[PDB]
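Only one chain is given next, in structure tokens, and it is the form deposited in one PDB entry.
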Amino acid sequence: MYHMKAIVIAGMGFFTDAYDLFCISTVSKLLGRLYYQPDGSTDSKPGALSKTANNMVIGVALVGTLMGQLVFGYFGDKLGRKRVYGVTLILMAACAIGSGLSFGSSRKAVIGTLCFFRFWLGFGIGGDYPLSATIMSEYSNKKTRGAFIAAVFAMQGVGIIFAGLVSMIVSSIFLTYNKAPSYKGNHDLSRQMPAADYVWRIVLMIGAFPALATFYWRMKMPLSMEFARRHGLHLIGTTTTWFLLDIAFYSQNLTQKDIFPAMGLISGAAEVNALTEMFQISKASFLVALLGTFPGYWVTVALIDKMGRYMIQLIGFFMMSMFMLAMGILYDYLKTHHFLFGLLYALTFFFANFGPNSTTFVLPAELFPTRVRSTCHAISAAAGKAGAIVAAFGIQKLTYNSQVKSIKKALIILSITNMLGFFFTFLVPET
């Protein structure tokens, strides 16, 4: 009756991963409104990060996480479980706080420090294996095995919820004291710079506390011809089914500052303050993740073994594609109604969480002989991190601050990617 405590101690590594990677989307507008907005000519919406700057700020963490995964996986055998667990976690608390500090006042200095201190955030987020180190080693007892792997992976949803929650509470707390007219009013005081300079710092520095909690909760606790013919097709299928999942999940959570302001749920950009828009997007993301992410994880836990591993992934990817095409080709009607689009987004997240989001990393575990299981797991993790990379340095460009045509095109490519993942799923049978 107290095993959920154990699941939290197991999945705090994913909790911090989620509220280290998805805490930058709620403040990415602010980092442009404050430091990247010229104080003159007031032409468009409040000036935000440029396409290159936004892509970089979003994706240095994922570049660092892929680098950390590779380096700490190919060199993490001379040491481990304490010396690769007190290093990455301490990094994810030192450079996490450093991400909230600046080397100056220039917009190329604060952004430079932020990118530099998020690269090492990714470095920690990388070679630190959250569950594959502990749970995947045995996977035994044949009693809620998948229902426990999914149970401890459900903490990613809690991480996203907590990211949205801390952003929302910080924005509301700092907003109550300072009220300023919208950007349509005083084009200079809308930035609220003296106080708004200490919100994207608090939101980004709070992420160190989960790293400390994980550190404390874990300190006190006690390729040849043979494999090519055996599982070569299985290996490529397992890698690609995950590579085509991060491209759809990280592009769904990392583009949360563009889709809603285009259609409802948000007051756009140039009719609210700096803090006000941040609070609005934080509330939108938090509500969508609460309705979409967490119930998906719970249903996966409840029905992982009743359904299995083939049919669940198949239906998850097919419904990915169907609901995404609905969110696509029927774009105008969703811009008309501010509720059908929200329902569609929530169900996309729900079927992501219920679908292959919590299954792709288990395929390497329950496949291949133990002689090479670690190598295939590492290569699949590399494929997934490359998927995240192309999610952040990819479709993100196709969506950011663009017209209606570009957003619809990006949704079309995302639906095509999910359908391609659906075709590639029929390569890893479960008996």
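Take the two forms, superpose them, and find the largest set of C-alpha atoms that agree within 1.5 Å; that set is the rigid core. Numbers follow the displayed sequence, beginning with 1.
There is another form of the same protein, the form deposited in another entry; it is not shown, and what comes next is about it.
- Taking the core as reference between this form and the one not shown, the lone member of 280, 102, 132, 240 whose Cα moves by 2 Å or more is 132.
- Residue displacement note: residue 144 has its CA displaced by at least 2 Å between this form and the one not shown (rigid core superposed).
- One change in the other entry concerns residue 363 and residue 141, whose Cα atoms lie at least 3 Å closer than in this form.
- A change of 3 Å or more separates the two forms for residue 139 and residue 363: their C-alpha atoms lie farther apart in the other entry.
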